[PDB]
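One file, structure-v8.pdb, is given below (PDB, C-alpha atoms (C1' of nucleotides)).
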```pdb
ATOM      1  CA  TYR U   1      51.604  30.430  98.303
ATOM      2  CA  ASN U   2      48.738  28.032  98.990
ATOM      3  CA  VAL U   3      45.747  29.672 100.674
ATOM      4  CA  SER U   4      45.542  26.781 103.188
ATOM      5  CA  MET U   5      41.851  27.504 103.946
ATOM      6  CA  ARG U   6      41.649  30.045 106.776
ATOM      7  CA  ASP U   7      42.510  32.882 104.410
ATOM      8  CA  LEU U   8      39.600  31.721 102.251
ATOM      9  CA  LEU U   9      37.160  31.804 105.181
ATOM     10  CA  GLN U  10      38.340  35.256 106.227
ATOM     11  CA  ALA U  11      38.208  36.581 102.628
ATOM     12  CA  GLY U  12      34.648  35.321 102.254
ATOM     13  CA  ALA U  13      34.607  32.878  99.345
ATOM     14  CA  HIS U  14      31.948  30.942 101.267
ATOM     15  CA  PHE U  15      29.140  33.334 100.312
ATOM     16  CA  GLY U  16      27.123  32.775  97.152
ATOM     17  CA  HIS U  17      24.154  34.196  95.303
ATOM     18  CA  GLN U  18      20.529  33.552  96.208
ATOM     19  CA  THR U  19      18.970  30.134  95.697
ATOM     20  CA  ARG U  20      16.439  31.098  93.023
ATOM     21  CA  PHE U  21      19.275  32.074  90.650
ATOM     22  CA  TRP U  22      21.297  28.909  91.324
ATOM     23  CA  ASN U  23      22.671  26.929  88.393
ATOM     24  CA  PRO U  24      21.789  23.207  88.673
ATOM     25  CA  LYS U  25      25.270  22.196  87.469
ATOM     26  CA  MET U  26      26.916  23.416  90.710
ATOM     27  CA  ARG U  27      25.094  20.896  92.921
ATOM     28  CA  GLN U  28      28.314  18.989  93.617
ATOM     29  CA  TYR U  29      29.960  22.158  94.957
ATOM     30  CA  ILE U  30      26.973  23.760  96.727
ATOM     31  CA  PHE U  31      27.148  21.246  99.604
ATOM     32  CA  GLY U  32      24.622  23.232 101.639
ATOM     33  CA  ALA U  33      23.078  26.589 102.488
ATOM     34  CA  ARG U  34      23.368  28.005 106.005
ATOM     35  CA  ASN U  35      21.153  30.997 105.137
ATOM     36  CA  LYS U  36      18.805  31.970 102.311
ATOM     37  CA  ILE U  37      21.842  32.457 100.068
ATOM     38  CA  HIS U  38      24.002  29.463  99.210
ATOM     39  CA  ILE U  39      27.255  28.700 101.019
ATOM     40  CA  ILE U  40      29.940  26.996  98.949
ATOM     41  CA  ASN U  41      32.323  24.447 100.446
ATOM     42  CA  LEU U  42      35.979  25.489 100.297
ATOM     43  CA  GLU U  43      37.106  21.872 100.711
ATOM     44  CA  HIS U  44      36.880  21.425  96.939
ATOM     45  CA  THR U  45      38.051  24.996  96.295
ATOM     46  CA  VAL U  46      41.426  24.542  98.007
ATOM     47  CA  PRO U  47      42.810  21.591  95.963
ATOM     48  CA  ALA U  48      41.498  23.042  92.699
ATOM     49  CA  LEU U  49      43.144  26.371  93.514
ATOM     50  CA  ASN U  50      46.422  24.613  94.313
ATOM     51  CA  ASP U  51      46.318  22.659  91.044
ATOM     52  CA  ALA U  52      45.578  25.818  89.054
ATOM     53  CA  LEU U  53      48.455  27.642  90.749
ATOM     54  CA  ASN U  54      50.793  24.726  89.995
ATOM     55  CA  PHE U  55      49.776  24.769  86.327
ATOM     56  CA  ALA U  56      50.344  28.532  86.231
ATOM     57  CA  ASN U  57      53.782  28.002  87.780
ATOM     58  CA  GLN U  58      54.651  25.444  85.104
ATOM     59  CA  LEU U  59      53.513  27.791  82.332
ATOM     60  CA  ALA U  60      55.470  30.696  83.835
ATOM     61  CA  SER U  61      58.572  28.499  83.981
ATOM     62  CA  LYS U  62      58.000  27.684  80.309
ATOM     63  CA  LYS U  63      57.792  31.514  79.928
ATOM     64  CA  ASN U  64      54.537  31.323  77.935
ATOM     65  CA  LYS U  65      52.395  34.398  78.530
ATOM     66  CA  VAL U  66      49.162  34.121  80.525
ATOM     67  CA  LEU U  67      46.309  36.548  79.846
ATOM     68  CA  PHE U  68      44.214  37.866  82.743
ATOM     69  CA  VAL U  69      40.562  38.700  82.022
ATOM     70  CA  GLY U  70      38.519  40.361  84.738
ATOM     71  CA  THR U  71      36.122  43.185  83.974
ATOM     72  CA  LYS U  72      33.688  43.565  86.881
ATOM     73  CA  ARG U  73      33.651  47.177  88.039
ATOM     74  CA  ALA U  74      34.768  46.098  91.515
ATOM     75  CA  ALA U  75      37.532  43.781  90.269
ATOM     76  CA  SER U  76      38.977  46.065  87.572
ATOM     77  CA  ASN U  77      41.443  47.977  89.751
ATOM     78  CA  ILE U  78      42.577  44.905  91.696
ATOM     79  CA  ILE U  79      43.136  42.800  88.581
ATOM     80  CA  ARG U  80      44.946  45.699  86.895
ATOM     81  CA  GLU U  81      47.317  46.090  89.844
ATOM     82  CA  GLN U  82      47.998  42.358  90.095
ATOM     83  CA  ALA U  83      48.558  42.000  86.343
ATOM     84  CA  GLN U  84      50.969  44.944  86.387
ATOM     85  CA  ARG U  85      52.809  43.322  89.297
ATOM     86  CA  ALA U  86      53.007  40.008  87.429
ATOM     87  CA  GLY U  87      54.160  41.691  84.211
ATOM     88  CA  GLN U  88      51.605  39.924  82.003
ATOM     89  CA  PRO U  89      49.043  41.212  79.490
ATOM     90  CA  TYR U  90      45.683  42.156  80.951
ATOM     91  CA  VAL U  91      42.208  42.957  79.715
ATOM     92  CA  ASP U  92      40.854  45.115  82.514
ATOM     93  CA  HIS U  93      38.005  46.591  80.511
ATOM     94  CA  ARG U  94      35.142  45.272  78.413
ATOM     95  CA  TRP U  95      35.882  42.427  75.998
ATOM     96  CA  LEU U  96      36.064  43.424  72.341
ATOM     97  CA  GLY U  97      34.885  40.676  70.026
ATOM     98  CA  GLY U  98      38.031  39.210  68.518
ATOM     99  CA  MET U  99      41.037  39.578  70.820
ATOM    100  CA  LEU U 100      41.948  35.966  69.990
ATOM    101  CA  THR U 101      39.606  34.968  67.152
ATOM    102  CA  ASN U 102      40.989  37.590  64.710
ATOM    103  CA  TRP U 103      44.484  38.595  65.824
ATOM    104  CA  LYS U 104      45.475  39.912  62.387
ATOM    105  CA  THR U 105      42.961  42.767  62.555
ATOM    106  CA  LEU U 106      44.152  43.774  66.029
ATOM    107  CA  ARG U 107      47.695  43.848  64.646
ATOM    108  CA  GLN U 108      46.860  47.013  62.708
ATOM    109  CA  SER U 109      45.122  48.601  65.701
ATOM    110  CA  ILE U 110      48.049  48.076  68.079
ATOM    111  CA  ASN U 111      50.528  49.108  65.382
ATOM    112  CA  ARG U 112      48.627  52.373  64.915
ATOM    113  CA  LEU U 113      48.508  52.860  68.687
ATOM    114  CA  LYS U 114      52.290  52.488  68.921
ATOM    115  CA  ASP U 115      52.761  54.764  65.902
ATOM    116  CA  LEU U 116      50.643  57.503  67.479
ATOM    117  CA  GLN U 117      52.507  57.079  70.773
ATOM    118  CA  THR U 118      55.765  57.612  68.875
ATOM    119  CA  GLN U 119      54.175  60.668  67.258
ATOM    120  CA  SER U 120      53.322  62.051  70.701
ATOM    121  CA  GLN U 121      56.884  61.374  71.860
ATOM    122  CA  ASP U 122      58.235  63.204  68.809
ATOM    123  CA  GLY U 123      57.790  66.904  68.117
ATOM    124  CA  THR U 124      55.310  66.298  65.289
ATOM    125  CA  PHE U 125      52.505  66.597  67.844
ATOM    126  CA  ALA U 126      53.695  70.103  68.724
ATOM    127  CA  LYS U 127      54.031  70.970  65.030
ATOM    128  CA  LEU U 128      50.417  69.982  64.382
ATOM    129  CA  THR U 129      47.931  72.712  65.234
ATOM    130  CA  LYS U 130      45.776  72.712  68.346
ATOM    131  CA  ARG U 131      42.589  71.214  66.889
ATOM    132  CA  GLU U 132      44.489  68.233  65.491
ATOM    133  CA  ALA U 133      46.516  68.208  68.703
ATOM    134  CA  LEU U 134      43.401  67.607  70.801
ATOM    135  CA  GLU U 135      41.989  65.174  68.224
ATOM    136  CA  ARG U 136      45.067  62.930  68.403
ATOM    137  CA  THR U 137      45.378  63.271  72.178
ATOM    138  CA  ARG U 138      41.782  62.052  72.324
ATOM    139  CA  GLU U 139      42.676  59.199  69.957
ATOM    140  CA  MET U 140      45.539  58.248  72.272
ATOM    141  CA  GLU U 141      43.097  58.214  75.166
ATOM    142  CA  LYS U 142      40.571  56.021  73.364
ATOM    143  CA  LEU U 143      42.884  53.320  71.999
ATOM    144  CA  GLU U 144      45.000  53.263  75.166
ATOM    145  CA  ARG U 145      41.787  52.717  77.131
ATOM    146  CA  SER U 146      40.660  49.976  74.750
ATOM    147  CA  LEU U 147      43.848  48.002  73.981
ATOM    148  CA  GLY U 148      46.345  49.325  76.534
ATOM    149  CA  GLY U 149      46.961  46.066  78.367
ATOM    150  CA  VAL U 150      47.611  43.814  75.368
ATOM    151  CA  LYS U 151      49.939  46.188  73.488
ATOM    152  CA  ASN U 152      53.074  44.277  74.514
ATOM    153  CA  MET U 153      51.554  40.866  73.773
ATOM    154  CA  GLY U 154      52.551  39.574  70.343
ATOM    155  CA  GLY U 155      51.191  36.030  70.405
ATOM    156  CA  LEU U 156      48.037  34.393  71.643
ATOM    157  CA  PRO U 157      48.206  33.601  75.380
ATOM    158  CA  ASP U 158      48.872  30.036  76.463
ATOM    159  CA  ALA U 159      46.285  30.328  79.258
ATOM    160  CA  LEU U 160      43.347  32.555  80.197
ATOM    161  CA  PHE U 161      42.731  33.429  83.856
ATOM    162  CA  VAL U 162      39.059  34.450  83.877
ATOM    163  CA  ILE U 163      37.533  36.118  86.930
ATOM    164  CA  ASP U 164      33.858  35.549  86.083
ATOM    165  CA  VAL U 165      32.922  33.149  83.296
ATOM    166  CA  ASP U 166      29.265  33.981  82.633
ATOM    167  CA  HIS U 167      30.055  37.703  82.586
ATOM    168  CA  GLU U 168      33.039  37.243  80.245
ATOM    169  CA  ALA U 169      31.292  34.419  78.409
ATOM    170  CA  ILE U 170      32.578  35.441  74.971
ATOM    171  CA  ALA U 171      36.195  35.005  76.070
ATOM    172  CA  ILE U 172      35.595  31.408  77.178
ATOM    173  CA  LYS U 173      33.879  30.581  73.883
ATOM    174  CA  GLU U 174      36.777  32.023  71.879
ATOM    175  CA  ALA U 175      39.287  30.162  74.058
ATOM    176  CA  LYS U 176      37.397  26.904  73.504
ATOM    177  CA  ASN U 177      37.294  27.525  69.751
ATOM    178  CA  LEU U 178      41.050  28.111  69.610
ATOM    179  CA  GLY U 179      41.934  25.343  72.075
ATOM    180  CA  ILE U 180      43.663  27.639  74.587
ATOM    181  CA  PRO U 181      43.206  26.506  78.220
ATOM    182  CA  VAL U 182      41.026  28.578  80.537
ATOM    183  CA  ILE U 183      41.430  28.624  84.321
ATOM    184  CA  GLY U 184      38.458  30.361  85.866
ATOM    185  CA  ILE U 185      36.568  31.400  88.968
ATOM    186  CA  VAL U 186      32.940  30.223  88.875
ATOM    187  CA  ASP U 187      30.090  30.988  91.271
ATOM    188  CA  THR U 188      26.856  29.114  91.974
ATOM    189  CA  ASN U 189      24.854  30.971  89.322
ATOM    190  CA  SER U 190      27.293  30.257  86.484
ATOM    191  CA  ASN U 191      27.911  27.184  84.308
ATOM    192  CA  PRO U 192      31.286  25.352  84.476
ATOM    193  CA  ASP U 193      30.997  23.232  81.315
ATOM    194  CA  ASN U 194      33.449  25.188  79.148
ATOM    195  CA  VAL U 195      36.043  25.994  81.848
ATOM    196  CA  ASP U 196      39.150  23.817  81.578
ATOM    197  CA  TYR U 197      40.210  24.495  85.186
ATOM    198  CA  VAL U 198      37.455  25.427  87.641
ATOM    199  CA  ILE U 199      38.129  27.004  91.029
ATOM    200  CA  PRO U 200      34.686  27.655  92.573
ATOM    201  CA  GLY U 201      34.300  30.604  94.924
ATOM    202  CA  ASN U 202      32.700  33.980  95.434
ATOM    203  CA  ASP U 203      33.763  36.702  92.997
ATOM    204  CA  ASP U 204      31.585  39.680  93.964
ATOM    205  CA  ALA U 205      33.605  40.264  97.136
ATOM    206  CA  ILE U 206      36.398  42.675  96.215
ATOM    207  CA  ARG U 207      38.436  41.101  99.004
ATOM    208  CA  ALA U 208      38.066  37.550  97.692
ATOM    209  CA  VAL U 209      39.036  38.871  94.249
ATOM    210  CA  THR U 210      42.106  40.500  95.798
ATOM    211  CA  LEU U 211      43.066  37.212  97.446
ATOM    212  CA  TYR U 212      42.703  35.259  94.194
ATOM    213  CA  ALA U 213      44.568  37.800  92.060
ATOM    214  CA  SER U 214      47.365  38.097  94.626
ATOM    215  CA  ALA U 215      47.753  34.314  94.705
ATOM    216  CA  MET U 216      47.944  34.149  90.908
ATOM    217  CA  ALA U 217      50.463  37.005  90.778
ATOM    218  CA  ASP U 218      52.585  35.339  93.465
ATOM    219  CA  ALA U 219      52.625  32.118  91.444
ATOM    220  CA  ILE U 220      53.616  34.049  88.314
ATOM    221  CA  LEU U 221      56.453  35.696  90.248
ATOM    222  CA  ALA U 222      57.628  32.340  91.605
ATOM    223  CA  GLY U 223      57.726  31.229  87.988
ATOM    224  CA  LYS U 224      61.104  31.926  86.335
ATOM    225  CA  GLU U 225      62.592  32.266  89.862
TER     226      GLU U 225
ATOM    227  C1'   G K   1      13.990  67.532  33.209
ATOM    228  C1'   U K   2      12.156  65.489  37.693
ATOM    229  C1'   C K   3      11.941  63.217  42.849
ATOM    230  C1'   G K   4      15.847  66.842  45.301
ATOM    231  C1'   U K   5      20.188  69.889  47.880
ATOM    232  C1'   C K   6      16.657  64.364  49.152
ATOM    233  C1'   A K   7      20.771  61.322  52.675
ATOM    234  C1'   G K   8      22.101  57.789  51.933
ATOM    235  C1'   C K   9      25.493  53.793  48.878
ATOM    236  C1'   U K  10      29.307  50.383  48.809
ATOM    237  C1'   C K  11      33.245  46.862  50.455
ATOM    238  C1'   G K  12      37.595  44.256  53.704
ATOM    239  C1'   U K  13      37.936  40.508  58.254
ATOM    240  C1'   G K  14      35.700  37.155  62.269
ATOM    241  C1'   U K  15      31.004  35.155  64.522
ATOM    242  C1'   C K  16      25.359  32.945  64.162
ATOM    243  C1'   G K  17      22.511  29.828  61.070
ATOM    244  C1'   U K  18      22.072  22.878  57.045
ATOM    245  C1'   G K  19      20.762  27.181  53.837
ATOM    246  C1'   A K  20      19.000  31.833  50.918
ATOM    247  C1'   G K  21      21.160  35.275  54.554
ATOM    248  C1'   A K  22      22.205  38.379  59.394
ATOM    249  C1'   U K  23      25.618  41.298  62.150
ATOM    250  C1'   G K  24      28.893  47.160  60.156
ATOM    251  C1'   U K  25      24.607  52.201  59.059
ATOM    252  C1'   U K  26      20.948  49.491  64.803
ATOM    253  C1'   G K  27      20.291  52.174  70.547
ATOM    254  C1'   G K  28      20.556  57.781  73.360
ATOM    255  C1'   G K  29      21.903  62.930  72.655
ATOM    256  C1'   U K  30      23.456  66.645  68.726
ATOM    257  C1'   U K  31      23.397  68.972  63.659
ATOM    258  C1'   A K  32      22.192  71.947  57.456
ATOM    259  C1'   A K  33      23.897  66.607  56.912
ATOM    260  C1'   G K  34      24.904  57.952  58.795
ATOM    261  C1'   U K  35      27.816  65.768  60.841
ATOM    262  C1'   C K  36      29.980  65.059  66.102
ATOM    263  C1'   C K  37      29.811  62.303  70.945
ATOM    264  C1'   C K  38      27.876  58.476  74.385
ATOM    265  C1'   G K  39      25.907  52.935  73.702
ATOM    266  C1'   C K  40      28.314  47.727  71.882
ATOM    267  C1'   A K  41      30.074  40.842  68.032
ATOM    268  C1'   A K  42      31.763  43.509  66.111
ATOM    269  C1'   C K  43      36.465  45.379  63.632
ATOM    270  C1'   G K  44      37.641  50.229  58.904
ATOM    271  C1'   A K  45      38.024  51.835  54.105
ATOM    272  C1'   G K  46      35.940  54.240  50.127
ATOM    273  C1'   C K  47      31.754  57.209  47.515
ATOM    274  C1'   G K  48      28.078  60.898  48.921
ATOM    275  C1'   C K  49      28.228  65.726  53.206
ATOM    276  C1'   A K  50      31.608  69.476  54.230
ATOM    277  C1'   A K  51      36.352  71.989  52.349
ATOM    278  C1'   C K  52      39.417  72.978  47.697
ATOM    279  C1'   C K  53      36.779  77.386  42.969
ATOM    280  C1'   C K  54      34.195  82.724  41.887
ATOM    281  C1'   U K  55      32.141  87.288  44.150
ATOM    282  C1'   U K  56      31.017  90.792  48.624
ATOM    283  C1'   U K  57      32.756  92.989  53.920
ATOM    284  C1'   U K  58      37.916  95.632  57.281
ATOM    285  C1'   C K  59      43.138  96.337  56.780
ATOM    286  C1'   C K  60      48.482  95.672  54.362
ATOM    287  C1'   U K  61      52.444  95.453  49.778
ATOM    288  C1'   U K  62      53.292  96.629  44.416
ATOM    289  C1'   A K  63      51.480  99.712  40.772
ATOM    290  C1'   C K  64      50.442 106.259  39.562
ATOM    291  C1'   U K  65      47.469 106.835  33.572
ATOM    292  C1'   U K  66      43.469 107.988  30.168
ATOM    293  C1'   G K  67      41.721 107.677  36.704
ATOM    294  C1'   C K  68      42.585 111.021  41.760
ATOM    295  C1'   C K  69      43.155 116.656  44.162
ATOM    296  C1'   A K  70      45.176 116.916  50.693
ATOM    297  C1'   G K  71      49.450 120.700  50.517
ATOM    298  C1'   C K  72      51.465 124.642  47.040
ATOM    299  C1'   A K  73      51.370 128.154  42.584
ATOM    300  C1'   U K  74      48.874 130.825  38.255
ATOM    301  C1'   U K  75      43.861 131.632  37.146
ATOM    302  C1'   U K  76      39.194 133.769  30.974
ATOM    303  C1'   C K  77      37.812 130.854  39.436
ATOM    304  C1'   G K  78      36.546 125.281  35.088
ATOM    305  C1'   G K  79      41.873 119.606  38.045
ATOM    306  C1'   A K  80      41.736 124.086  34.012
ATOM    307  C1'   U K  81      47.512 124.815  34.002
TER     308        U K  81
END
```

Any chance you could put this one into structure tokens?
Amino acid sequence: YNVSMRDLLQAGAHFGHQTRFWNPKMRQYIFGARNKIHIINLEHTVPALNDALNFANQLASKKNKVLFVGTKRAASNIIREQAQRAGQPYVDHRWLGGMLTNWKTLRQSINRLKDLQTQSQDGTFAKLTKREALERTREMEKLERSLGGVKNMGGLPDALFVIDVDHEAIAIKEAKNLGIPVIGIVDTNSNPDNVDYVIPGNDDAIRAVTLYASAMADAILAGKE
RNA sequence: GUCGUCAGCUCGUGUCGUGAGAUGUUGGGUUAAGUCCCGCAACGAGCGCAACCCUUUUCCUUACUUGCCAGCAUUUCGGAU
């Protein structure tokens, strides 16, 4: 399942953001800049990606759940599809402060979501009048939109696959506080200090995101054989 | 009594500060109203608001006197009988 390099060039991980927004901590990975924007070297990206995929394979074999976190408007659909394929909890939408920091409070929210889903399945929804009917349908919509992905999950994930660290900065901080490992994609503008596993490459390109998510999903599938 | 029929008040869990503390109630629409919806280190529960109470507007069921008079009958033509 290793990308082997050419797929990375064709996907376009080489591109990066403009120089003026560069983070000084990426200097080791910048290598050079062909044009005004920076060009990252995939020579370091490949081995780091392989190591991250191997660690994900080991965790999948151990059966511990891995949580995917990618929220960029371009990456939402791709990460949702890949997470559904892998059969793992996902957070496609905006991060809500306390997915991991305060799990006990989210227990009640997901319990109520499941209860209202059971209500919809049962005839009680039909028994209730139309105004309440639309109110609780709208409630279903809202909490399914907010916490739909993590409904199945019952325990904190053993690893966090983060698409874009500076964007989803809160998630990395919570993961560091808890001690849960984070494997993440980082670009030139972001800071890698708090990422346990760093695979540096472009994330804006929908097609690079598709490549990365497909690789992770393939590793998850290979796990458990 | 009054501000004043003014719209605010409280409290549960995590995060930021060495700390007293802060974050919920802030932002944009909307309403008689922190009423309702979009925003987002926040997450939801209670008291205030509203509704539950009395009266008025159309119709239905029970009730037919001491209240009523469409149909009928007698009339000192007055529902008087």

Open item on the list: Using all atoms listed in the file, which protein or nucleic acid residues come within 10 Å of segment 26-28 of chain U? Drop anything in the same chain fewer than 6 positions from it, and give the result as an NGL selection string.
Closed with: :U and (40-41 or 44 or 186-192 or 200)

Neighbouring residues of residue 221 of chain U were defined as those with any atom within 8 Å, considering all atoms listed in the file; residues of the same chain fewer than 4 positions away were excluded. Please report them as a PDB file with C-alpha atoms, in the frame of the given file.
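As written to disk, part_12.pdb reads:
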```pdb
ATOM      1  CA  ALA U  86      53.007  40.008  87.429  1.00  0.00           C
ATOM      2  CA  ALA U 217      50.463  37.005  90.778  1.00  0.00           C
ATOM      3  CA  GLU U 225      62.592  32.266  89.862  1.00  0.00           C
TER       4      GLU U 225
END
```

Would you mind listing, for every residue of chain U within 8 Å of chain K, the two atoms forming the shortest contact and the distance between them in Å to one decimal, using all atoms listed in the file, sorted by chain and ascending residue number, as JSON lines?
```
{"residue": "U:96", "atom": "CA", "partner": "K:42", "partner_atom": "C1'", "distance": 7.6}
{"residue": "U:97", "atom": "CA", "partner": "K:41", "partner_atom": "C1'", "distance": 5.2}
{"residue": "U:98", "atom": "CA", "partner": "K:14", "partner_atom": "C1'", "distance": 7.0}
{"residue": "U:101", "atom": "CA", "partner": "K:14", "partner_atom": "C1'", "distance": 6.6}
{"residue": "U:102", "atom": "CA", "partner": "K:14", "partner_atom": "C1'", "distance": 5.8}
{"residue": "U:105", "atom": "CA", "partner": "K:13", "partner_atom": "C1'", "distance": 7.0}
```

Open item on the list: What does the structure give for the distance between atom CA of residue 142 of chain U and atom CA of residue 66 of chain U, in Å to one decimal?
Closed with: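 A separation of 24.6 Å between them.
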
Task: Shell around segment 145-158 of chain U at 7 Å using all atoms listed in the file, local window under 4 positions removed, as a ChimeraX atom specification - done: /U:64-67,89-91,100,110,141,180-181

- [ ] Kindly give the distance, in Å, that separates atom CA of residue 16 of chain U and atom CA of residue 56 of chain U, rounded to a single decimal.
- [x]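 Computing the Euclidean distance for atom CA of residue 16 of chain U and atom CA of residue 56 of chain U yields 26.0 Å.
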
4 Å per side around segment 85-99 of chain U: axis-aligned box centre and edge lengths, as JSON:
```
{"center_x": 44.5, "center_y": 42.9, "center_z": 78.9, "size_x": 27.3, "size_y": 15.4, "size_z": 28.8}
```

Task: Computed interatomic separation between atom CA of residue 10 of chain U and atom CA of residue 208 of chain U (Å) - done: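 Atom CA of residue 208 of chain U lies 8.8 Å from atom CA of residue 10 of chain U.
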
Open item on the list: Just checking: using only C-alpha atoms, which residue out of U:29, U:99, U:49, U:87 ends up closest to residue 183 of chain U?
Closed with: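 Ranked by minimum distance to residue 183 of chain U, first place goes to U:49.
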
Since the input is missing atoms, can you rebuild N, CA and C atoms for segment 74-93 of chain U and write them as a PDB file, keeping the file's coordinate frame?
```pdb
ATOM      1  N   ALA U  74      34.061  46.203  90.244  1.00  0.00           N
ATOM      2  CA  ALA U  74      34.768  46.098  91.515  1.00  0.00           C
ATOM      3  C   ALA U  74      36.158  45.499  91.331  1.00  0.00           C
ATOM      4  N   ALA U  75      36.292  44.531  90.427  1.00  0.00           N
ATOM      5  CA  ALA U  75      37.532  43.781  90.269  1.00  0.00           C
ATOM      6  C   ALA U  75      38.518  44.432  89.306  1.00  0.00           C
ATOM      7  N   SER U  76      38.118  45.497  88.607  1.00  0.00           N
ATOM      8  CA  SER U  76      38.977  46.065  87.572  1.00  0.00           C
ATOM      9  C   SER U  76      40.291  46.572  88.156  1.00  0.00           C
ATOM     10  N   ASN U  77      40.221  47.403  89.196  1.00  0.00           N
ATOM     11  CA  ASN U  77      41.443  47.977  89.751  1.00  0.00           C
ATOM     12  C   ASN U  77      42.349  46.898  90.330  1.00  0.00           C
ATOM     13  N   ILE U  78      41.772  45.946  91.065  1.00  0.00           N
ATOM     14  CA  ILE U  78      42.577  44.905  91.696  1.00  0.00           C
ATOM     15  C   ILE U  78      43.276  44.061  90.638  1.00  0.00           C
ATOM     16  N   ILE U  79      42.536  43.641  89.609  1.00  0.00           N
ATOM     17  CA  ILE U  79      43.136  42.800  88.581  1.00  0.00           C
ATOM     18  C   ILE U  79      44.179  43.585  87.795  1.00  0.00           C
ATOM     19  N   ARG U  80      43.942  44.881  87.570  1.00  0.00           N
ATOM     20  CA  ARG U  80      44.946  45.699  86.895  1.00  0.00           C
ATOM     21  C   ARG U  80      46.237  45.747  87.702  1.00  0.00           C
ATOM     22  N   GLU U  81      46.126  46.009  89.006  1.00  0.00           N
ATOM     23  CA  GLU U  81      47.317  46.090  89.844  1.00  0.00           C
ATOM     24  C   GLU U  81      48.064  44.764  89.858  1.00  0.00           C
ATOM     25  N   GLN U  82      47.335  43.657  90.012  1.00  0.00           N
ATOM     26  CA  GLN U  82      47.998  42.358  90.095  1.00  0.00           C
ATOM     27  C   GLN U  82      48.637  41.976  88.765  1.00  0.00           C
ATOM     28  N   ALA U  83      47.972  42.279  87.647  1.00  0.00           N
ATOM     29  CA  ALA U  83      48.558  42.000  86.343  1.00  0.00           C
ATOM     30  C   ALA U  83      49.808  42.838  86.110  1.00  0.00           C
ATOM     31  N   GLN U  84      49.777  44.113  86.508  1.00  0.00           N
ATOM     32  CA  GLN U  84      50.969  44.944  86.387  1.00  0.00           C
ATOM     33  C   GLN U  84      52.104  44.387  87.234  1.00  0.00           C
ATOM     34  N   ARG U  85      51.790  43.928  88.448  1.00  0.00           N
ATOM     35  CA  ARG U  85      52.809  43.322  89.297  1.00  0.00           C
ATOM     36  C   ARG U  85      53.399  42.081  88.637  1.00  0.00           C
ATOM     37  N   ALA U  86      52.543  41.245  88.046  1.00  0.00           N
ATOM     38  CA  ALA U  86      53.007  40.008  87.429  1.00  0.00           C
ATOM     39  C   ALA U  86      53.704  40.245  86.095  1.00  0.00           C
ATOM     40  N   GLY U  87      53.539  41.421  85.498  1.00  0.00           N
ATOM     41  CA  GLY U  87      54.160  41.691  84.211  1.00  0.00           C
ATOM     42  C   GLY U  87      53.605  40.851  83.082  1.00  0.00           C
ATOM     43  N   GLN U  88      52.288  40.702  83.023  1.00  0.00           N
ATOM     44  CA  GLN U  88      51.605  39.924  82.003  1.00  0.00           C
ATOM     45  C   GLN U  88      50.497  40.755  81.367  1.00  0.00           C
ATOM     46  N   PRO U  89      50.120  40.451  80.127  1.00  0.00           N
ATOM     47  CA  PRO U  89      49.043  41.212  79.490  1.00  0.00           C
ATOM     48  C   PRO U  89      47.736  41.053  80.242  1.00  0.00           C
ATOM     49  N   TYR U  90      46.949  42.123  80.239  1.00  0.00           N
ATOM     50  CA  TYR U  90      45.683  42.156  80.951  1.00  0.00           C
ATOM     51  C   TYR U  90      44.607  42.738  80.050  1.00  0.00           C
ATOM     52  N   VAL U  91      43.373  42.314  80.303  1.00  0.00           N
ATOM     53  CA  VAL U  91      42.208  42.957  79.715  1.00  0.00           C
ATOM     54  C   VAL U  91      41.337  43.408  80.874  1.00  0.00           C
ATOM     55  N   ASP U  92      41.597  44.620  81.365  1.00  0.00           N
ATOM     56  CA  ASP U  92      40.854  45.115  82.514  1.00  0.00           C
ATOM     57  C   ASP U  92      39.446  45.519  82.119  1.00  0.00           C
ATOM     58  N   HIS U  93      39.287  46.056  80.917  1.00  0.00           N
ATOM     59  CA  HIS U  93      38.005  46.591  80.511  1.00  0.00           C
ATOM     60  C   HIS U  93      37.198  45.569  79.711  1.00  0.00           C
TER      61      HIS U  93
END
```
